Every structure is written in C-alpha cells, then in structure tokens.
>>> print(open('data_22.txt').read())   # compact mmCIF, C-alpha atoms
# COMPACT_ATOMS: atom_id res chain seq x y z
CA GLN J 1 -46.64 31.03 -3.59
CA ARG J 2 -45.12 27.63 -4.34
CA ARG J 3 -46.48 24.60 -6.21
CA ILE J 4 -44.76 21.34 -7.09
CA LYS J 5 -44.04 20.88 -10.79
CA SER J 6 -42.18 17.55 -10.81
CA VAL J 7 -40.07 15.14 -8.77
CA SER J 8 -37.27 12.59 -9.16
CA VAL J 9 -35.28 10.35 -6.85
CA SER J 10 -31.71 9.12 -6.47
CA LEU J 11 -30.28 6.28 -4.40
CA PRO J 12 -26.64 5.88 -3.39
CA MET J 13 -26.58 2.15 -3.93
CA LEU J 14 -24.94 -0.79 -5.60
CA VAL J 15 -27.03 -2.79 -8.06
CA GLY J 16 -26.62 -6.11 -9.79
CA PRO J 17 -25.90 -5.90 -13.51
CA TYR J 18 -29.42 -6.63 -14.58
CA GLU J 19 -31.00 -6.18 -11.17
CA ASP J 20 -34.15 -4.13 -11.48
CA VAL J 21 -34.59 -2.68 -8.01
CA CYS J 22 -38.27 -2.63 -7.22
CA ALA J 23 -39.77 0.08 -5.04
CA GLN J 24 -42.46 2.71 -5.19
CA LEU J 25 -43.40 6.06 -3.71
CA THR J 26 -46.76 7.69 -3.16
CA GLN J 27 -48.15 10.94 -1.82
CA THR J 28 -50.58 10.71 1.06
CA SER J 29 -51.71 14.34 1.12
CA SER J 30 -50.60 17.89 0.45
CA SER J 31 -51.01 21.42 1.76
CA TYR J 32 -52.50 24.47 0.05
CA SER J 33 -55.30 22.25 -1.28
CA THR J 34 -52.90 22.08 -4.24
CA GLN Y 1 -1.91 -4.09 -4.47
CA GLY Y 2 0.16 -0.99 -3.75
CA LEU Y 3 2.96 -3.43 -4.49
CA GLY Y 4 4.69 -1.29 -7.11
CA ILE Y 5 4.03 -3.97 -9.71
CA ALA Y 6 0.56 -4.39 -11.15
CA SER Y 7 -2.04 -7.15 -11.16
CA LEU Y 8 -4.63 -7.90 -13.81
CA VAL Y 9 -8.04 -6.56 -12.79
CA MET Y 10 -11.28 -7.15 -14.63
CA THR Y 11 -15.03 -6.74 -14.49
CA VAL Y 12 -17.47 -9.14 -16.14
CA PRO Y 13 -20.69 -7.11 -15.91
CA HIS Y 14 -22.82 -10.21 -16.53
CA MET Y 15 -23.62 -11.45 -13.01
CA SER Y 16 -24.02 -9.32 -9.87
CA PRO Y 17 -20.45 -10.07 -8.86
CA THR Y 18 -18.21 -9.04 -11.72
CA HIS Y 19 -14.68 -8.43 -10.53
CA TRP Y 20 -11.63 -10.67 -10.79
CA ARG Y 21 -7.87 -10.18 -10.54
CA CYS Y 22 -4.67 -12.08 -11.21
CA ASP Y 23 -1.54 -11.31 -9.18
CA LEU Y 24 0.71 -12.32 -12.07
CA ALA Y 25 3.67 -10.47 -10.55
CA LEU Y 26 4.82 -11.66 -7.14
CA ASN Y 27 7.85 -9.34 -6.89
CA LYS Y 28 9.24 -6.48 -8.90
CA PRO Y 29 11.88 -8.01 -11.20
CA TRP Y 30 15.41 -6.81 -11.90
CA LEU Y 31 16.52 -6.27 -8.30
CA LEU Y 32 19.89 -7.68 -7.27
CA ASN Y 33 18.58 -9.80 -4.44
CA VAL Y 34 21.42 -12.16 -3.47
CA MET Y 35 25.10 -11.31 -3.05
CA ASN Y 36 27.70 -14.02 -2.53
CA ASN Y 37 31.35 -14.84 -2.67
CA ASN Y 38 32.50 -18.41 -2.90
CA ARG Y 39 34.65 -17.76 0.16
CA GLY Y 40 31.52 -18.04 2.30
CA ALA Y 41 29.78 -14.67 2.26
CA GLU Y 42 26.12 -14.76 1.24
CA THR Y 43 23.11 -12.46 1.63
CA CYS Y 44 19.32 -12.30 1.47
CA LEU Y 45 18.16 -8.83 0.40
CA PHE Y 46 14.70 -7.29 0.86
CA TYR Y 47 12.87 -4.44 -0.71
CA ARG Y 48 9.53 -2.69 -0.23
CA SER Y 49 7.15 -0.16 -1.79
CA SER Y 50 7.01 3.45 -0.63
CA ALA Y 51 3.24 3.29 -1.03
CA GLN Y 52 3.16 0.45 1.49
CA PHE Y 53 5.31 2.41 3.91
CA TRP Y 54 2.99 5.39 3.41
CA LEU Y 55 -0.02 3.20 4.08
CA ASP Y 56 1.56 2.35 7.41
CA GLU Y 57 2.20 6.06 7.93
CA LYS Y 58 -1.36 7.03 6.99
CA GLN Y 59 -2.67 4.36 9.36
CA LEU Y 60 -0.75 5.99 12.18
CA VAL Y 61 -1.63 9.51 10.97
CA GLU Y 62 -5.34 8.79 11.21
CA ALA Y 63 -4.78 6.96 14.49
CA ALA Y 64 -3.50 10.37 15.58
CA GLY Y 65 -6.26 12.12 13.64
CA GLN Y 66 -3.51 14.09 11.90
CA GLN Y 67 -3.71 15.46 8.35
CA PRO Y 68 -1.95 13.71 5.44
CA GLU Y 69 0.51 16.01 3.69
CA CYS Y 70 3.20 13.40 2.95
CA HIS Y 71 3.29 14.74 -0.61
CA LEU Y 72 4.99 12.07 -2.73
CA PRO Y 73 2.81 11.21 -5.72
CA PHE Y 74 4.75 8.13 -6.82
CA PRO Y 75 5.23 4.58 -5.50
CA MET Y 76 8.99 4.41 -5.53
CA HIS Y 77 10.19 1.05 -4.26
CA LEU Y 78 13.09 0.77 -1.88
CA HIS Y 79 15.33 -1.30 0.38
CA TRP Y 80 13.77 -2.67 3.51
CA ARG Y 81 15.68 -5.54 5.10
CA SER Y 82 18.78 -7.63 4.66
CA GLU Y 83 20.32 -10.76 6.15
CA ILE Y 84 23.97 -11.70 5.83
CA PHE Y 85 24.56 -15.38 6.56
CA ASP Y 86 27.99 -16.77 7.37
CA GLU Y 87 28.18 -19.91 5.25
CA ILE Y 88 30.72 -21.35 7.70
CA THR Y 89 29.53 -20.86 11.27
CA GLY Y 90 25.85 -20.52 10.39
CA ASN Y 91 25.47 -17.32 12.38
CA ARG Y 92 23.98 -14.34 10.58
CA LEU Y 93 23.40 -10.57 10.71
CA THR Y 94 19.96 -8.94 10.49
CA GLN Y 95 19.65 -5.27 9.53
CA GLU Y 96 16.47 -3.39 8.64
CA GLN Y 97 15.38 0.17 7.88
CA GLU Y 98 12.27 2.36 7.76
CA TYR Y 99 11.53 5.93 6.71
CA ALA Y 100 8.82 8.55 6.91
CA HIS Y 101 7.60 11.71 5.18
CA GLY Y 102 8.65 10.78 1.68
CA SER Y 103 9.22 14.08 -0.08
CA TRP Y 104 8.70 15.63 -3.52
CA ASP Y 105 9.30 18.86 -5.45
CA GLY Y 106 5.89 20.03 -6.62
CA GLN Y 107 7.50 22.64 -8.90
CA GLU Y 108 10.60 20.91 -10.26
CA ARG Y 109 8.80 17.56 -10.18
CA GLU Y 110 11.53 15.70 -8.33
CA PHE Y 111 12.26 13.63 -5.24
CA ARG Y 112 13.18 15.38 -1.99
CA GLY Y 113 14.04 12.51 0.39
CA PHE Y 114 12.35 11.42 3.61
CA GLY Y 115 11.63 13.41 6.72
CA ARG Y 116 12.92 10.61 8.94
CA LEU Y 117 15.08 7.49 8.66
CA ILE Y 118 15.27 4.58 11.10
CA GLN Y 119 17.57 1.56 11.38
CA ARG Y 120 17.48 -1.58 13.51
CA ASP Y 121 19.82 -4.56 13.68
CA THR Y 122 20.81 -7.73 15.53
CA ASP Y 123 22.82 -10.79 14.73
CA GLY Y 124 21.17 -14.16 14.66
CA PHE Y 125 23.05 -16.77 16.60
CA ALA Y 126 23.81 -20.45 16.45
CA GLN Y 127 24.45 -20.15 20.21
CA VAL Y 128 20.44 -18.59 24.51
CA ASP Y 129 23.84 -17.65 25.88
CA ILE Y 130 23.67 -14.46 23.80
CA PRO Y 131 20.54 -12.45 24.58
CA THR Y 132 20.36 -9.82 21.89
CA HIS Y 133 19.57 -6.27 22.96
CA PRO Y 134 18.50 -4.94 19.59
>>> encode(input="data_22.txt", output="structure tokens")
Amino acid sequence: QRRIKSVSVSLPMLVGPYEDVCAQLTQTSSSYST
Amino acid sequence: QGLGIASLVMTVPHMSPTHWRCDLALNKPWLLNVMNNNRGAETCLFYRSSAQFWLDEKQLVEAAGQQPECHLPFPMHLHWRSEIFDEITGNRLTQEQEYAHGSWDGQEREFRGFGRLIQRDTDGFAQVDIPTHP
C-alpha cells in the first residue's frame, strides 16, 4: 500500500533579488479514496 | 574574458540585475612588443591567449561533435602575429602562427607542447603588380 505523507517543489529558475515568485498548486482528486 | 589578464567583476544583489565588470586591463603588460633599430628596422609584435586559441579549437571540436581532451589546465599566453615594417621603402612583412592540442603532464604537472603548429606569411607591398600567393 502507498499513501502520500508530504510534498515539496523545486524550480530551476532565476529570480530577482527580492522577487517573490507567486504561484500555487492544488490537488483535484486522488485514488484509493485516500 | 579568457584574455589571460583579469577584469573586475561584481554583483550588487539589490536590484534584479546585479552584475557589473570593469576591463581595467586591455593587454597583458611586460611583453616586448616593438623592436627597432635606428637604421630603419621596426616591428609590430602580437600575442594571444592559449585559452582563446582553445576556444577556437573547442568551437571546431563541437562543430565536429568530437570530444574535448585538449588537456591543458592553464591559460598560457603566446605569440600570434608579427609585422616588420621597412622604415625606408614602406613595404612590410606579415607573419603569423597558430597551434592546436596544447599539452600538459598530468603527473609531473608540466607543459608538453602542442599537437600541431601552423605558420602563414606574406609581405605587404607599396606596389597590384605583386599579387601575393600566401
């Protein structure tokens, strides 16, 4: 069996010194009825 | 610069752009660059970085899709071109050289030459009566 414990993300990018990139992620649905 | 003499390089991590440089050094100093005698012999002498030559080599290597093993971990800086100008007649002599596969001792940590050397030359003419055939 497998269940998700946690997640994180990483972006190969360049960013301005004090640029706060703004984006968001969301889950639509998941298998196994969690 | 690959020039064999450095430039100032800086970041100012305040704005989004940050980097700046100053090319303080235009040429490597302490190279005997003109020879003359007051009789009328005089020369212009020219000199170039091994890293620059290797960049040319690497450009061709990847144009061939070949693999870079020109193992020479140091930008030595070396003779490239010279002109000898006759002060009297105003004619002159052009001679130039190139070289490839700069070479190094990975155990003794020492120079091992070049795989290939090349020379070219023509006069320059006060004269179209002389077509050069270089």
>>> axis_aligned_box(input="data_22.txt", around="range 98-106 of chain Y", padding_each_side="4 Å", output="AutoDock Vina command-line options")
--center_x 9.1 --center_y 11.2 --center_z 0.6 --size_x 14.4 --size_y 25.7 --size_z 22.4
>>> closest_residue(input="data_22.txt", among="Y:9, Y:19, Y:41, Y:78", to="chain J", atoms="all atoms listed in the file")
Y:19
>>> residues_around(input="data_22.txt", residues="residue 25 in chain J", least_positions_apart="2", cutoff="12 Å", atoms="all atoms listed in the file", output="list in words")
residues 7, 8, 9, 22, 23, 27 and 28 of chain J
>>> interface_residues(input="data_22.txt", of="chain J", to="chain Y", cutoff="8 Å", atoms="only C-alpha atoms", output="PyMOL selection string")
chain J and resi 15-19
>>> closest_residue(input="data_22.txt", among="Y:55, Y:61, Y:70, Y:84", to="residue 40 in chain Y", atoms="only C-alpha atoms")
Y:84
>>> residues_around(input="data_22.txt", residues="residue 80 in chain Y", least_positions_apart="4", cutoff="9 Å", atoms="all atoms listed in the file", output="JSON, numbers by chain")
{"Y": [45, 46, 47, 48, 49, 95, 96, 97, 98]}
>>> atom_distance(input="data_22.txt", atom1="CA of residue 83 in chain Y", atom2="CA of residue 3 in chain Y")
21.6 Å
>>> atom_distance(input="data_22.txt", atom1="CA of residue 115 in chain Y", atom2="CA of residue 101 in chain Y")
4.6 Å
>>> closest_residue(input="data_22.txt", among="Y:93, Y:72, Y:100, Y:88", to="residue 124 in chain Y", atoms="all atoms listed in the file")
Y:93
>>> residues_around(input="data_22.txt", residues="residue 32 in chain J", least_positions_apart="3", cutoff="10 Å", atoms="only C-alpha atoms", output="number ranges by chain")
J: 1-3
>>> atom_distance(input="data_22.txt", atom1="CA of residue 74 in chain Y", atom2="CA of residue 102 in chain Y")
9.7 Å
>>> closest_residue(input="data_22.txt", among="Y:118, Y:43, Y:33, Y:104", to="residue 69 in chain Y", atoms="all atoms listed in the file")
Y:104
>>> decode(input="data_22.txt", residues="chain J", atoms="N, CA, C and O atoms", output="short mmCIF file (atom, residue, chain, number, x, y, z; two decimals), in the first residue's frame")
data_model
loop_
_atom_site.label_atom_id
_atom_site.label_comp_id
_atom_site.auth_asym_id
_atom_site.auth_seq_id
_atom_site.Cartn_x
_atom_site.Cartn_y
_atom_site.Cartn_z
N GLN J 1 0.86 -1.18 0.00
CA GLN J 1 0.00 0.00 0.00
C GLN J 1 0.89 1.22 0.00
O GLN J 1 2.01 1.17 0.50
N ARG J 2 0.37 2.34 -0.51
CA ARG J 2 1.14 3.58 -0.55
C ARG J 2 0.24 4.78 -0.31
O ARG J 2 -0.79 4.93 -0.98
N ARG J 3 0.62 5.63 0.64
CA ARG J 3 -0.10 6.88 0.90
C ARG J 3 0.88 8.04 0.99
O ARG J 3 1.97 7.91 1.55
N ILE J 4 0.47 9.18 0.44
CA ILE J 4 1.29 10.38 0.45
C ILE J 4 1.40 10.96 1.84
O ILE J 4 0.39 11.24 2.50
N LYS J 5 2.63 11.18 2.29
CA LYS J 5 2.90 11.85 3.55
C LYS J 5 3.07 13.36 3.38
O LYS J 5 2.46 14.14 4.11
N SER J 6 3.89 13.78 2.41
CA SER J 6 4.17 15.20 2.24
C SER J 6 4.75 15.45 0.85
O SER J 6 5.13 14.53 0.14
N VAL J 7 4.77 16.73 0.46
CA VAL J 7 5.27 17.15 -0.84
C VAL J 7 6.06 18.44 -0.73
O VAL J 7 5.95 19.19 0.24
N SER J 8 6.87 18.69 -1.76
CA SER J 8 7.66 19.91 -1.91
C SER J 8 7.94 20.10 -3.39
O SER J 8 7.81 19.16 -4.18
N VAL J 9 8.32 21.31 -3.77
CA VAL J 9 8.58 21.61 -5.17
C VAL J 9 9.86 22.41 -5.32
O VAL J 9 10.32 23.09 -4.41
N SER J 10 10.43 22.31 -6.52
CA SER J 10 11.68 22.96 -6.87
C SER J 10 11.62 23.44 -8.31
O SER J 10 11.11 22.73 -9.18
N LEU J 11 12.11 24.65 -8.54
CA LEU J 11 12.05 25.26 -9.87
C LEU J 11 13.41 25.73 -10.35
O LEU J 11 13.95 26.71 -9.80
N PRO J 12 13.99 25.09 -11.36
CA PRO J 12 15.18 25.65 -12.00
C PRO J 12 14.81 26.98 -12.62
O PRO J 12 14.12 27.04 -13.64
N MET J 13 15.28 28.06 -12.01
CA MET J 13 14.82 29.39 -12.37
C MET J 13 15.86 30.41 -11.97
O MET J 13 16.83 30.11 -11.27
N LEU J 14 15.67 31.62 -12.48
CA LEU J 14 16.39 32.78 -11.99
C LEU J 14 15.35 33.69 -11.37
O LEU J 14 14.23 33.79 -11.88
N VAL J 15 15.71 34.35 -10.28
CA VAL J 15 14.78 35.19 -9.55
C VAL J 15 15.44 36.52 -9.21
O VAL J 15 16.64 36.57 -8.93
N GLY J 16 14.66 37.59 -9.26
CA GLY J 16 15.13 38.87 -8.84
C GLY J 16 15.48 38.82 -7.36
O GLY J 16 15.00 37.96 -6.62
N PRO J 17 16.33 39.75 -6.92
CA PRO J 17 16.87 39.71 -5.56
C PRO J 17 15.80 39.50 -4.52
O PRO J 17 15.84 38.58 -3.70
N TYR J 18 14.83 40.40 -4.58
CA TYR J 18 13.70 40.42 -3.68
C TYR J 18 12.41 40.09 -4.41
O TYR J 18 11.32 40.43 -3.94
N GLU J 19 12.52 39.41 -5.54
CA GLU J 19 11.33 38.97 -6.26
C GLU J 19 10.72 37.77 -5.56
O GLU J 19 11.36 36.73 -5.41
N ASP J 20 9.48 37.93 -5.14
CA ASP J 20 8.73 36.84 -4.55
C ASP J 20 7.88 36.26 -5.67
O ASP J 20 6.83 36.81 -6.02
N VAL J 21 8.36 35.16 -6.25
CA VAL J 21 7.59 34.50 -7.29
C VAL J 21 6.25 34.13 -6.70
O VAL J 21 6.16 33.75 -5.53
N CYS J 22 5.18 34.29 -7.46
CA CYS J 22 3.88 33.96 -6.91
C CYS J 22 3.20 32.89 -7.75
O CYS J 22 2.88 33.13 -8.92
N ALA J 23 2.96 31.74 -7.14
CA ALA J 23 2.27 30.67 -7.85
C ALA J 23 1.63 29.77 -6.81
O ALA J 23 1.91 29.90 -5.61
N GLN J 24 0.72 28.92 -7.24
CA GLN J 24 0.15 27.97 -6.30
C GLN J 24 -0.26 26.69 -7.00
O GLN J 24 -0.54 26.65 -8.21
N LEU J 25 -0.33 25.64 -6.20
CA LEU J 25 -0.64 24.28 -6.61
C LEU J 25 -1.82 23.77 -5.81
O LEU J 25 -2.04 24.19 -4.67
N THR J 26 -2.60 22.89 -6.42
CA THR J 26 -3.74 22.32 -5.73
C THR J 26 -3.97 20.91 -6.26
O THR J 26 -3.62 20.59 -7.39
N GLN J 27 -4.55 20.07 -5.41
CA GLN J 27 -4.93 18.72 -5.81
C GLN J 27 -6.40 18.70 -6.20
O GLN J 27 -7.25 19.18 -5.44
N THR J 28 -6.68 18.14 -7.36
CA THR J 28 -8.06 18.00 -7.80
C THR J 28 -8.73 16.78 -7.17
O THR J 28 -9.88 16.86 -6.75
N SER J 29 -8.01 15.67 -7.09
CA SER J 29 -8.61 14.41 -6.68
C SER J 29 -7.49 13.40 -6.48
O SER J 29 -6.37 13.60 -6.94
N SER J 30 -7.82 12.30 -5.80
CA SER J 30 -6.83 11.26 -5.57
C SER J 30 -7.48 9.89 -5.49
O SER J 30 -8.63 9.74 -5.08
N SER J 31 -6.69 8.89 -5.86
CA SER J 31 -7.05 7.49 -5.85
C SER J 31 -7.16 6.95 -4.43
O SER J 31 -6.95 7.66 -3.44
N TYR J 32 -7.50 5.67 -4.34
CA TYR J 32 -7.55 4.89 -3.11
C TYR J 32 -8.49 5.47 -2.09
O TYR J 32 -8.48 5.04 -0.93
N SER J 33 -9.33 6.43 -2.48
CA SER J 33 -10.18 7.17 -1.55
C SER J 33 -9.36 7.69 -0.38
O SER J 33 -9.91 7.95 0.70
N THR J 34 -8.06 7.87 -0.60
CA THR J 34 -7.12 8.29 0.42
C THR J 34 -7.28 7.50 1.72
O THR J 34 -6.36 6.82 2.16
#
